[PDB]
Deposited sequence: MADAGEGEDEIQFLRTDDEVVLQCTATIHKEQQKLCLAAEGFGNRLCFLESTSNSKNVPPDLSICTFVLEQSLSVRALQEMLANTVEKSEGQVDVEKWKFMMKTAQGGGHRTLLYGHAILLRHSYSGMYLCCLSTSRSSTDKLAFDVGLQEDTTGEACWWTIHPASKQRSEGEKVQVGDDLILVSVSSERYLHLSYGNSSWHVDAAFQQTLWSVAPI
């Protein structure tokens, strides 16, 4: 059971030309997130792959919150805090995929992500679960994308399975 205040790394799996690896979400100017390779999988700079599940609310509780100014459950919207920088994973408005970066304030929709299963709803989230993350602001998926020579993270129209492992 993932719970708030937990320390975690957001991982995804990437395969190209029959070559599989495990990537971790990371960040540090442009404020943009990027991806690190691992391998007992661990990355080169763990201290920047570390996020804390600071909050978890229902969309109603969140919508109620915006209008007026613990086990995670599928369908709930969470808040991901980057330890190293103290800022929050968010979906940007700048480029069919938006960039993903870090914002200062937890205010607004941009820094909120609803969790969906790779079941289910209201049902609790398990560590072994592969999670799909959807931006409350843009309704795009936290997505693994491949550039010319490297892997990138963005908010796109297609999904990507993430693993929120304790650490």
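Colleague: Comparing the deposited sequence against the modelled residues, what ranges come up empty for C-alpha?
Modeller: Deposited residues absent from the model fall in 1 to 12, 41 to 42, 54 to 55, 86 to 110, 137 to 142, 166 to 168.
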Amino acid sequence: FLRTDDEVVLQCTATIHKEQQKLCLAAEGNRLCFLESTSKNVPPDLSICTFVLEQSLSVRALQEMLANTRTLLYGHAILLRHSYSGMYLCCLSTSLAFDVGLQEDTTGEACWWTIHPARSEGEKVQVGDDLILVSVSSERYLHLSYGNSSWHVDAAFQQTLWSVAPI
From here on, numbers count along this sequence of modelled residues.
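Colleague: I need to verify one thing: averaged over C-alpha atoms only, is the B-factor higher for 146 to 154 or for 12 to 20?
Modeller: Averaged over C-alpha atoms, the B-factors run higher in 12 to 20.
Colleague: Quick one: higher average CA temperature factor, 40 to 48 or 57 to 65?
Modeller: Averaged over C-alpha atoms, the B-factors run higher in 40 to 48.
Colleague: Taking the Cα B-factors listed in the entry, which of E139, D129, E109, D99 comes out highest?
Modeller: Highest CA B-factor of the listed options: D129.
Colleague: Tell me, lowest, middle or highest third: where does the Cα B factor of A165 rank within its chain?
Modeller: For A165, whose C-alpha B-factor we compare with every modelled residue in the chain, the answer is the highest third.
Colleague: Can you work out whether the C-alpha temperature factor of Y88 puts it in the lowest, middle or highest third of the chain?
Modeller: Bottom third by C-alpha B-factor.
Colleague: Divide the modelled residues of the chain into thirds by Cα B-factor and specify which third, lowest, middle or highest, holds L133.
Modeller: CA B-factor rank for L133: lowest third.
Colleague: Quick check for you: using the entry's CA B-factors within this chain, is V125 in the lowest, middle or highest third?
Modeller: Its C-alpha B-factor belongs to the highest third of this chain's values.
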